[PDB]
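Asks: coords-v3.cif is the file, holding mmCIF, C-alpha atoms:
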```
data_model
loop_
_atom_site.group_PDB
_atom_site.id
_atom_site.type_symbol
_atom_site.label_atom_id
_atom_site.label_comp_id
_atom_site.auth_asym_id
_atom_site.auth_seq_id
_atom_site.Cartn_x
_atom_site.Cartn_y
_atom_site.Cartn_z
ATOM 1 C CA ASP A 200 144.078 230.181 64.313
ATOM 2 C CA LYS A 201 141.940 232.241 61.834
ATOM 3 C CA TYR A 202 141.322 229.184 59.600
ATOM 4 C CA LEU A 203 140.634 226.879 62.612
ATOM 5 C CA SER A 204 138.212 229.505 64.095
ATOM 6 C CA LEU A 205 136.297 229.744 60.766
ATOM 7 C CA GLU A 206 136.168 225.918 60.765
ATOM 8 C CA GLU A 207 134.760 226.040 64.365
ATOM 9 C CA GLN A 208 132.068 228.540 63.210
ATOM 10 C CA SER A 209 131.266 226.163 60.293
ATOM 11 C CA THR A 210 131.036 223.281 62.848
ATOM 12 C CA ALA A 211 128.790 225.413 65.160
ATOM 13 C CA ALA A 212 126.458 226.297 62.229
ATOM 14 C CA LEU A 213 126.303 222.548 61.389
ATOM 15 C CA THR A 214 125.586 221.721 65.102
ATOM 16 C CA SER A 215 122.714 224.299 65.200
ATOM 17 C CA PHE A 216 121.241 222.792 62.001
ATOM 18 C CA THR A 217 121.500 219.239 63.484
ATOM 19 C CA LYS A 218 119.836 220.268 66.827
ATOM 20 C CA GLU A 219 116.855 222.185 65.381
ATOM 21 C CA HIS A 220 115.594 219.350 63.198
ATOM 22 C CA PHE A 221 116.806 215.945 64.512
ATOM 23 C CA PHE A 222 116.044 216.076 68.313
ATOM 24 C CA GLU A 223 112.682 217.618 69.383
ATOM 25 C CA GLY A 224 110.423 215.645 66.947
ATOM 26 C CA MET A 225 112.114 212.334 65.897
ATOM 27 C CA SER A 226 112.159 210.160 69.071
ATOM 28 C CA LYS A 227 108.327 209.978 69.372
ATOM 29 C CA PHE A 228 107.714 208.706 65.830
ATOM 30 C CA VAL A 229 109.706 205.406 65.864
ATOM 31 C CA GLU A 230 108.214 203.674 68.992
ATOM 32 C CA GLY A 231 104.655 203.164 67.618
ATOM 33 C CA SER A 232 105.594 200.951 64.600
ATOM 34 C CA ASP A 233 106.060 197.615 66.495
ATOM 35 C CA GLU A 234 102.301 196.874 66.603
ATOM 36 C CA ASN A 235 101.486 193.843 64.442
ATOM 37 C CA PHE A 236 99.687 194.477 61.138
ATOM 38 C CA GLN A 237 96.282 193.604 62.629
ATOM 39 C CA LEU A 238 93.682 195.079 60.324
ATOM 40 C CA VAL A 239 92.091 197.010 63.232
ATOM 41 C CA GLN A 240 89.403 194.670 64.437
ATOM 42 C CA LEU A 241 87.545 197.303 66.337
ATOM 43 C CA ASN A 242 87.485 195.168 69.460
ATOM 44 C CA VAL A 243 85.974 197.631 71.970
ATOM 45 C CA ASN A 244 87.814 196.592 75.070
ATOM 46 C CA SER A 245 91.507 197.362 74.591
ATOM 47 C CA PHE A 246 91.666 200.956 73.283
ATOM 48 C CA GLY A 247 93.486 202.948 75.999
ATOM 49 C CA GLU A 248 93.056 206.507 77.358
ATOM 50 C CA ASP A 249 93.595 208.633 74.173
ATOM 51 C CA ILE B 155 173.191 226.807 47.516
ATOM 52 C CA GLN B 156 172.578 229.852 45.230
ATOM 53 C CA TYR B 157 169.896 227.959 43.229
ATOM 54 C CA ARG B 158 168.067 227.087 46.519
ATOM 55 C CA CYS B 159 168.206 230.725 47.723
ATOM 56 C CA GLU B 160 166.716 231.862 44.351
ATOM 57 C CA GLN B 161 163.866 229.291 44.677
ATOM 58 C CA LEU B 162 162.987 230.430 48.265
ATOM 59 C CA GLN B 163 163.207 234.125 47.249
ATOM 60 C CA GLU B 164 160.750 233.436 44.367
ATOM 61 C CA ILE B 165 158.270 231.827 46.867
ATOM 62 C CA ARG B 166 158.683 234.941 49.123
ATOM 63 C CA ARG B 167 157.908 237.322 46.180
ATOM 64 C CA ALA B 168 154.912 235.156 45.222
ATOM 65 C CA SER B 169 153.627 235.339 48.887
ATOM 66 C CA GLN B 170 153.615 239.207 48.718
ATOM 67 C CA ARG B 171 150.956 239.263 45.952
ATOM 68 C CA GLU B 172 147.590 240.037 47.577
ATOM 69 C CA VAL B 173 144.865 237.639 46.270
ATOM 70 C CA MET B 174 141.537 239.508 45.949
ATOM 71 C CA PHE B 175 138.593 237.173 46.565
ATOM 72 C CA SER B 176 135.090 238.526 45.493
ATOM 73 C CA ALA B 177 132.385 239.410 48.130
ATOM 74 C CA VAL B 178 129.603 236.773 48.542
ATOM 75 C CA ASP B 179 126.387 238.823 48.449
ATOM 76 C CA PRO B 180 123.606 236.191 47.934
ATOM 77 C CA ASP B 181 121.050 238.180 45.827
ATOM 78 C CA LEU B 182 123.594 239.504 43.318
ATOM 79 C CA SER B 183 123.053 237.567 40.084
ATOM 80 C CA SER B 184 125.584 235.892 37.658
ATOM 81 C CA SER B 185 128.193 238.697 37.152
ATOM 82 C CA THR B 186 131.531 237.882 35.431
ATOM 83 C CA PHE B 187 134.022 238.069 38.351
ATOM 84 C CA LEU B 188 137.072 235.903 37.471
ATOM 85 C CA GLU B 189 137.809 233.344 40.218
ATOM 86 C CA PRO B 190 141.418 233.441 41.607
ATOM 87 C CA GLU B 191 143.501 230.541 40.204
ATOM 88 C CA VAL B 192 144.451 229.420 43.758
ATOM 89 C CA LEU B 193 140.741 229.285 44.775
ATOM 90 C CA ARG B 194 139.899 227.195 41.647
ATOM 91 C CA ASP B 195 142.859 224.801 42.074
ATOM 92 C CA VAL B 196 142.321 224.348 45.878
ATOM 93 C CA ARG B 197 138.552 223.851 45.223
ATOM 94 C CA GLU B 198 139.215 221.176 42.532
ATOM 95 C CA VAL B 199 141.749 219.322 44.784
ATOM 96 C CA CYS B 200 139.290 219.471 47.742
ATOM 97 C CA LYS B 201 136.414 218.370 45.386
ATOM 98 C CA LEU B 202 138.441 215.416 44.016
ATOM 99 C CA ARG B 203 139.183 214.365 47.633
ATOM 100 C CA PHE B 204 135.516 214.899 48.587
ATOM 101 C CA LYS B 205 134.392 212.640 45.642
ATOM 102 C CA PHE B 206 136.881 209.997 46.847
ATOM 103 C CA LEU B 207 135.613 210.235 50.486
ATOM 104 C CA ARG B 208 131.962 210.144 49.262
ATOM 105 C CA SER B 209 132.687 207.017 47.151
ATOM 106 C CA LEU B 210 134.099 205.347 50.320
ATOM 107 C CA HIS B 211 130.939 206.406 52.257
ATOM 108 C CA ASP B 212 128.413 205.240 49.627
ATOM 109 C CA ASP B 213 130.252 201.857 49.459
ATOM 110 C CA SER B 214 130.047 201.534 53.301
ATOM 111 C CA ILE B 215 126.232 202.100 53.295
ATOM 112 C CA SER B 216 125.558 199.961 50.200
ATOM 113 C CA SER B 217 126.588 196.497 51.548
ATOM 114 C CA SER B 218 127.554 195.611 47.909
ATOM 115 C CA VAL B 219 131.281 195.157 48.450
ATOM 116 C CA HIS B 220 132.083 194.956 44.722
ATOM 117 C CA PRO B 221 135.801 193.874 44.830
ATOM 118 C CA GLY B 222 136.749 195.666 41.529
ATOM 119 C CA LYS B 223 136.513 199.088 43.351
ATOM 120 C CA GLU B 224 139.906 198.909 45.237
ATOM 121 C CA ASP B 225 142.208 199.474 42.183
ATOM 122 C CA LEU B 226 140.113 202.523 41.138
ATOM 123 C CA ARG B 227 140.457 203.927 44.721
ATOM 124 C CA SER B 228 144.274 203.591 44.711
ATOM 125 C CA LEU B 229 144.419 205.396 41.317
ATOM 126 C CA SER B 230 142.080 208.144 42.675
ATOM 127 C CA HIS B 231 144.352 208.578 45.756
ATOM 128 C CA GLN B 232 147.559 208.785 43.635
ATOM 129 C CA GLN B 233 145.836 211.259 41.279
ATOM 130 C CA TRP B 234 144.847 213.335 44.367
ATOM 131 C CA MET B 235 148.406 213.192 45.870
ATOM 132 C CA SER B 236 149.942 214.340 42.544
ATOM 133 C CA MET B 237 147.413 217.199 42.144
ATOM 134 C CA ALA B 238 147.761 218.252 45.815
ATOM 135 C CA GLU B 239 151.597 218.235 45.543
ATOM 136 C CA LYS B 240 151.286 220.221 42.264
ATOM 137 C CA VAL B 241 149.079 222.804 44.122
ATOM 138 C CA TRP B 242 151.662 223.037 46.983
ATOM 139 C CA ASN B 243 154.435 223.608 44.379
ATOM 140 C CA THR B 244 152.494 226.136 42.157
ATOM 141 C CA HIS B 245 150.844 228.289 44.878
ATOM 142 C CA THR B 246 152.215 229.934 48.033
ATOM 143 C CA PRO B 247 151.191 228.509 51.460
ATOM 144 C CA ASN B 248 149.555 231.881 52.384
ATOM 145 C CA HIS B 249 147.393 231.843 49.214
ATOM 146 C CA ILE B 250 146.433 228.151 49.739
ATOM 147 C CA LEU B 251 145.407 228.948 53.372
ATOM 148 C CA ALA B 252 143.398 232.050 52.269
ATOM 149 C CA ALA B 253 141.649 229.930 49.567
ATOM 150 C CA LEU B 254 140.769 227.334 52.280
ATOM 151 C CA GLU B 255 139.419 230.144 54.576
ATOM 152 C CA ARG B 256 137.230 231.366 51.649
ATOM 153 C CA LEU B 257 135.977 227.789 50.966
ATOM 154 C CA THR B 258 135.083 227.372 54.703
ATOM 155 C CA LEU B 259 133.217 230.751 54.644
ATOM 156 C CA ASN B 260 131.229 229.659 51.528
ATOM 157 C CA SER B 261 130.346 226.309 53.217
ATOM 158 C CA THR B 262 129.126 228.233 56.333
ATOM 159 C CA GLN B 263 126.855 230.499 54.206
ATOM 160 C CA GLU B 264 125.341 227.455 52.363
ATOM 161 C CA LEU B 265 124.336 225.996 55.797
ATOM 162 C CA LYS B 266 122.743 229.344 56.905
ATOM 163 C CA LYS B 267 120.723 229.598 53.627
ATOM 164 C CA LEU B 268 119.412 226.037 54.249
ATOM 165 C CA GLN B 269 118.286 227.070 57.817
ATOM 166 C CA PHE B 270 116.300 230.153 56.560
ATOM 167 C CA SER B 271 114.595 228.355 53.610
ATOM 168 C CA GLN B 272 113.062 225.590 55.839
ATOM 169 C CA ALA B 273 111.842 227.984 58.629
ATOM 170 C CA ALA B 274 109.589 229.966 56.194
ATOM 171 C CA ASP B 275 107.586 226.765 55.319
ATOM 172 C CA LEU B 276 106.434 225.990 58.956
ATOM 173 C CA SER B 277 104.593 229.334 59.597
ATOM 174 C CA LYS B 278 102.103 228.839 56.724
ATOM 175 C CA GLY B 279 99.005 227.121 58.135
ATOM 176 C CA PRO B 280 97.480 224.199 56.103
ATOM 177 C CA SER B 281 96.176 226.344 53.189
ATOM 178 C CA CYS B 282 97.497 224.388 50.180
ATOM 179 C CA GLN B 283 98.679 227.363 48.039
ATOM 180 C CA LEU B 284 100.718 225.294 45.516
ATOM 181 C CA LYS B 285 102.459 228.393 44.122
ATOM 182 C CA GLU B 286 105.264 228.487 41.560
ATOM 183 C CA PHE B 287 108.213 226.336 42.665
ATOM 184 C CA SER B 288 109.830 226.928 39.244
ATOM 185 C CA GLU B 289 113.064 225.615 37.908
ATOM 186 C CA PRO B 290 114.663 222.202 38.422
ATOM 187 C CA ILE B 291 115.663 219.489 36.661
ATOM 188 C CA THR B 292 114.788 216.249 35.467
ATOM 189 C CA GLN B 293 112.023 214.757 33.615
ATOM 190 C CA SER B 294 113.759 212.039 31.621
ATOM 191 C CA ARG B 295 110.714 211.458 29.403
ATOM 192 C CA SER B 296 111.509 207.867 28.369
ATOM 193 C CA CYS B 297 109.493 205.666 30.537
ATOM 194 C CA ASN B 298 106.772 203.034 29.957
ATOM 195 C CA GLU B 299 103.015 202.512 30.767
ATOM 196 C CA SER B 300 102.937 202.093 34.536
ATOM 197 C CA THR B 301 99.923 203.220 36.633
ATOM 198 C CA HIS B 302 101.642 205.416 39.240
ATOM 199 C CA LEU B 303 98.963 207.205 41.285
ATOM 200 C CA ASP B 304 99.579 210.972 41.056
ATOM 201 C CA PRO B 305 99.892 211.030 44.848
ATOM 202 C CA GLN B 306 99.740 214.766 45.655
ATOM 203 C CA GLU B 307 96.083 214.128 46.324
ATOM 204 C CA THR B 308 95.787 216.050 49.591
ATOM 205 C CA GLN C 411 108.695 196.694 55.290
ATOM 206 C CA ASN C 412 110.153 199.715 53.381
ATOM 207 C CA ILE C 413 109.507 201.880 56.520
ATOM 208 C CA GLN C 414 111.552 199.374 58.641
ATOM 209 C CA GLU C 415 114.457 199.240 56.097
ATOM 210 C CA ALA C 416 114.522 203.074 55.966
ATOM 211 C CA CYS C 417 114.790 203.197 59.828
ATOM 212 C CA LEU C 418 117.843 200.835 59.646
ATOM 213 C CA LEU C 419 119.373 203.090 56.927
ATOM 214 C CA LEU C 420 118.809 206.196 59.147
ATOM 215 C CA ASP C 421 120.680 204.424 62.018
ATOM 216 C CA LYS C 422 123.638 203.445 59.749
ATOM 217 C CA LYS C 423 123.932 207.057 58.445
ATOM 218 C CA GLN C 424 123.752 208.366 62.065
ATOM 219 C CA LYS C 425 126.687 206.085 63.100
ATOM 220 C CA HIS C 426 128.688 207.373 60.101
ATOM 221 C CA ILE C 427 128.035 211.060 61.055
ATOM 222 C CA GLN C 428 129.448 210.238 64.559
ATOM 223 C CA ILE C 429 132.588 208.629 62.996
ATOM 224 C CA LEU C 430 133.131 211.680 60.699
ATOM 225 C CA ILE C 431 132.718 214.224 63.589
ATOM 226 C CA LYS C 432 135.300 212.245 65.657
ATOM 227 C CA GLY C 433 137.639 211.912 62.611
ATOM 228 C CA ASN C 434 137.554 215.687 61.866
ATOM 229 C CA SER C 435 138.315 216.539 65.551
ATOM 230 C CA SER C 436 141.335 214.157 65.391
ATOM 231 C CA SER C 437 142.525 215.669 62.051
ATOM 232 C CA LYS C 438 142.350 219.242 63.509
ATOM 233 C CA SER C 439 144.544 218.029 66.431
ATOM 234 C CA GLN C 440 147.043 216.357 64.035
ATOM 235 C CA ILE C 441 147.462 219.521 61.867
ATOM 236 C CA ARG C 442 148.395 221.455 65.089
ATOM 237 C CA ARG C 443 151.048 218.791 65.998
ATOM 238 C CA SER C 444 152.517 218.775 62.447
ATOM 239 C CA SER C 445 152.982 222.594 62.591
ATOM 240 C CA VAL C 446 154.925 222.314 65.900
ATOM 241 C CA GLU C 447 157.024 219.364 64.581
ATOM 242 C CA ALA C 448 158.120 221.337 61.463
ATOM 243 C CA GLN C 449 159.093 224.448 63.543
ATOM 244 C CA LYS C 450 161.001 222.259 66.050
ATOM 245 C CA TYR C 451 162.952 220.529 63.220
ATOM 246 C CA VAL C 452 163.996 223.976 61.840
ATOM 247 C CA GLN C 453 165.146 225.179 65.325
ATOM 248 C CA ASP C 454 166.977 221.977 66.409
ATOM 249 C CA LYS C 455 168.506 220.774 63.042
ATOM 250 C CA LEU C 456 168.797 223.590 60.420
ATOM 251 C CA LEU C 457 169.582 226.833 62.345
ATOM 252 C CA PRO C 458 172.940 225.521 63.875
ATOM 253 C CA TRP C 459 174.692 224.829 60.471
ATOM 254 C CA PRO C 460 175.996 228.410 59.678
ATOM 255 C CA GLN C 461 178.317 228.409 62.747
ATOM 256 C CA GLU C 462 179.962 225.058 61.782
ATOM 257 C CA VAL D 350 96.142 202.733 57.119
ATOM 258 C CA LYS D 351 97.230 203.669 53.551
ATOM 259 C CA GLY D 352 97.311 207.393 54.391
ATOM 260 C CA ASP D 353 99.513 206.799 57.512
ATOM 261 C CA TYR D 354 102.238 204.742 55.712
ATOM 262 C CA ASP D 355 102.577 207.327 52.896
ATOM 263 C CA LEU D 356 103.091 210.007 55.618
ATOM 264 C CA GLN D 357 105.773 207.895 57.430
ATOM 265 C CA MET D 358 107.622 207.189 54.105
ATOM 266 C CA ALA D 359 107.659 210.929 53.192
ATOM 267 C CA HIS D 360 109.003 211.803 56.697
ATOM 268 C CA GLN D 361 111.821 209.176 56.505
ATOM 269 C CA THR D 362 112.896 210.343 52.997
ATOM 270 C CA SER D 363 113.174 213.940 54.355
ATOM 271 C CA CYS D 364 115.274 212.740 57.355
ATOM 272 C CA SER D 365 117.579 210.646 55.069
ATOM 273 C CA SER D 366 118.184 213.660 52.740
ATOM 274 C CA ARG D 367 119.065 215.841 55.780
ATOM 275 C CA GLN D 368 121.536 213.181 57.049
ATOM 276 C CA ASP D 369 123.265 213.130 53.601
ATOM 277 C CA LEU D 370 123.610 216.963 53.732
ATOM 278 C CA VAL D 371 125.349 216.704 57.168
ATOM 279 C CA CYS D 372 127.612 213.873 55.881
ATOM 280 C CA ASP D 373 128.598 215.865 52.736
ATOM 281 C CA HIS D 374 129.586 218.940 54.860
ATOM 282 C CA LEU D 375 131.722 216.815 57.256
ATOM 283 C CA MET D 376 133.447 215.169 54.233
ATOM 284 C CA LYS D 377 134.250 218.598 52.656
ATOM 285 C CA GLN D 378 135.792 219.661 56.019
ATOM 286 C CA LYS D 379 137.752 216.350 56.103
ATOM 287 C CA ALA D 380 139.070 216.912 52.534
ATOM 288 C CA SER D 381 140.414 220.399 53.533
ATOM 289 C CA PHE D 382 142.214 218.973 56.619
ATOM 290 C CA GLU D 383 143.942 216.175 54.640
ATOM 291 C CA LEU D 384 145.244 218.788 52.107
ATOM 292 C CA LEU D 385 146.750 220.843 55.000
ATOM 293 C CA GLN D 386 148.264 217.701 56.574
ATOM 294 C CA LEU D 387 149.967 216.709 53.266
ATOM 295 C CA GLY D 388 151.346 220.304 53.067
ATOM 296 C CA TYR D 389 153.260 219.804 56.363
ATOM 297 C CA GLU D 390 154.648 216.380 55.286
ATOM 298 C CA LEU D 391 155.987 217.861 51.988
ATOM 299 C CA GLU D 392 157.558 220.831 53.864
ATOM 300 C CA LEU D 393 159.349 218.487 56.351
ATOM 301 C CA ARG D 394 160.749 216.443 53.390
ATOM 302 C CA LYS D 395 162.241 219.608 51.738
ATOM 303 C CA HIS D 396 163.823 220.559 55.131
ATOM 304 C CA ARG D 397 165.543 217.090 55.289
ATOM 305 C CA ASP D 398 167.075 217.521 51.787
#
```
Would you give me this structure, written as structure tokens?

Replies:
Amino acid sequence: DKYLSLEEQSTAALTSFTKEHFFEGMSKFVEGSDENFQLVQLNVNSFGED
Amino acid sequence: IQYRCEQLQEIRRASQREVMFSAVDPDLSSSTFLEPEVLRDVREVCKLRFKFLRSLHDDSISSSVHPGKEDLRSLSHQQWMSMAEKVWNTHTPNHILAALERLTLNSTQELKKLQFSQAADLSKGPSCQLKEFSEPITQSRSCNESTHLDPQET
Amino acid sequence: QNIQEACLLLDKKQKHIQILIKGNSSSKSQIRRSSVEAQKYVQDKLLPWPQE
Amino acid sequence: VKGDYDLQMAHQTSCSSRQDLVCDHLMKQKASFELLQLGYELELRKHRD
């Protein structure tokens, strides 16, 4: 039980490390890459609300 | 029967020896504390098994199924079994468990040090003070002509 | 193209982390069973012999 | 466009290194469990003899 509790604390420390730097920032960065390699012809009309 | 009683009584006397493991203060430099033989032998058996598991993982990510790697894996597993059985015959179960508890504690402190070192980098605003990251490792000075743009241009 | 290949590598590594987490949880459960099996063998098979 | 791809590449390399660190820790934990499991199998064999 002592060994298995230390191994749970090791697993909890690992879980904290995985939460802090995989979840809050990664999901947003992958979606934008599907746009075709069009050398941005600044065509006025289509640039949205940003 | 008498020979078996003597063997079990020797394991019992070996179990009674308290194994002192040294305190892990992080800032205390290099000092000469001798590692317990059980901690060394359990660490080397765990490290041999870790290298074997890592070799299986690297081969699952690299889609290069090179067929000549199976015989070397069987040899590595037999070499691990023989060393692990040697460890279970040389050291008492209590000492092996206490060495594993110490190894788990060390692994937990390595993870906490990695959490603190990355948090200190985010609070500095964009001022590019390229101070003295000193030591490591590599520069294998061999290589040829090629034009590689020194890319730490801000 | 390197950015796309690196995304596929990130996904493969993520699947392997999930397999390892599940494997370690199973191994922890198996160590607990093996402890109970060894104690039960001693109680049911070894301890009766002195009376015979 | 050049400055954006260099930024994405640097970010992915950092994420890949952090995944390898998590894998290596889970494999060290796995190696310790398999040593303990072999210990029980060897004990049960001695009990049978």

Asks: To verify the selection step, state as a list in words which residues the PyMOL selection byres ((chain A and resi 220) around 12) yields on this input.

Replies: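 In the shown coordinates, the PyMOL selection byres ((chain A and resi 220) around 12) covers residues 213, 214, 215, 216, 217, 218, 219, 221, 222, 223, 224, 225 and 226 of chain A; 268, 269, 272 and 273 of chain B; 360, 363, 364, 367, 368 and 371 of chain D.
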
Asks: Now that the selection is made, can you save its residues with C-alpha atoms as a compact mmCIF listing (two decimals), keeping the file's coordinate frame?

Replies:
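What ended up in again_17.txt:
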```
# COMPACT_ATOMS: atom_id res chain seq x y z
CA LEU A 213 126.30 222.55 61.39
CA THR A 214 125.59 221.72 65.10
CA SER A 215 122.71 224.30 65.20
CA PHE A 216 121.24 222.79 62.00
CA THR A 217 121.50 219.24 63.48
CA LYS A 218 119.84 220.27 66.83
CA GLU A 219 116.86 222.18 65.38
CA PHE A 221 116.81 215.94 64.51
CA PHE A 222 116.04 216.08 68.31
CA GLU A 223 112.68 217.62 69.38
CA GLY A 224 110.42 215.64 66.95
CA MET A 225 112.11 212.33 65.90
CA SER A 226 112.16 210.16 69.07
CA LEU B 268 119.41 226.04 54.25
CA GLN B 269 118.29 227.07 57.82
CA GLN B 272 113.06 225.59 55.84
CA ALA B 273 111.84 227.98 58.63
CA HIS D 360 109.00 211.80 56.70
CA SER D 363 113.17 213.94 54.36
CA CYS D 364 115.27 212.74 57.36
CA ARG D 367 119.06 215.84 55.78
CA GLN D 368 121.54 213.18 57.05
CA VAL D 371 125.35 216.70 57.17
```

Asks: For the atom pair CA of residue 173 (chain B) and CA of residue 439 (chain C), what is the interatomic distance in Å to one decimal place?

Replies: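 That distance, rounded to one decimal, is 28.1 Å.
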
Asks: Could you list, as an MDAnalysis selection string, every residue within 12 Å of residue 432 (chain C), counting all atoms listed in the file and ignoring same-chain residues fewer than 6 positions away?

Replies: (chainID C and resid 425:426 438:439) or (chainID D and resid 375:376 379)

Asks: Nearest residue to residue 256 (chain B) out of B:299, B:181, B:189, B:160, using only C-alpha atoms?

Replies: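 The closest residue to residue 256 (chain B) is B:189.
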
Asks: Could you tell me which residues the PyMOL selection byres ((chain C and resi 422-424) around 9) returns for this structure, as a ChimeraX atom specification?

Replies: /B:215 /C:417-421,425-429 /D:365,368-369,372

Asks: Tell me, counting all atoms listed in the file, for each residue of chain D within 7 Å of chain B, which pair of atoms is nearest and how far apart they are in Å to one decimal, in rows ordered by chain and increasing number, as CSV.

Replies:
```
residue,atom,partner,partner_atom,distance
D:376,CA,B:204,CA,6.0
D:377,CA,B:204,CA,5.6
D:380,CA,B:200,CA,5.4
D:381,CA,B:200,CA,6.0
D:384,CA,B:238,CA,6.8
D:388,CA,B:242,CA,6.7
```

Asks: For a test of reading the model, state the distance in Å between CA of residue 259 (chain B) and CA of residue 209 (chain A), rounded to one decimal.

Replies: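 That distance, rounded to one decimal, is 7.5 Å.
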
Asks: For the atom pair CA of residue 390 (chain D) and CA of residue 244 (chain B), what is the interatomic distance in Å to one decimal place?

Replies: 16.5 Å

Asks: Using the chain letters and residue numbers of this document, give as JSON, numbers by chain the residues selected by the PyMOL selection byres ((chain C) within 7 of (chain D)).

Replies: {"C": [413, 416, 420, 423, 427, 430, 431, 434, 437, 438, 441, 444, 445, 448]}

Asks: Enclose all atoms of region 278-284 of chain B listed in the file in an axis-aligned box, grow every side by 5 Å, and hand back centre and edge lengths in Å to one decimal, as JSON.

Replies:
```
{"center_x": 99.1, "center_y": 226.5, "center_z": 51.8, "size_x": 15.9, "size_y": 14.6, "size_z": 22.6}
```

Asks: Please check the contacts: residues of chain A at most 10 Å away from chain C, using all atoms listed in the file, listed as a list in words.

Replies: residues 200, 203, 206, 210, 229, 232 and 233 of chain A

Asks: May I have the protein, DNA and RNA residues with an atom at most 12 Å from (152.3, 236.9, 50.9), counting only C-alpha atoms in the file's coordinates, returned as a PyMOL selection string?

Replies: chain B and resi 163-173+245-252

Asks: Could you tell me which of B:286, B:191, B:179, B:212 comes closest to chain C if we count all atoms listed in the file?

Replies: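 For chain C, the nearest of the candidates is B:212.
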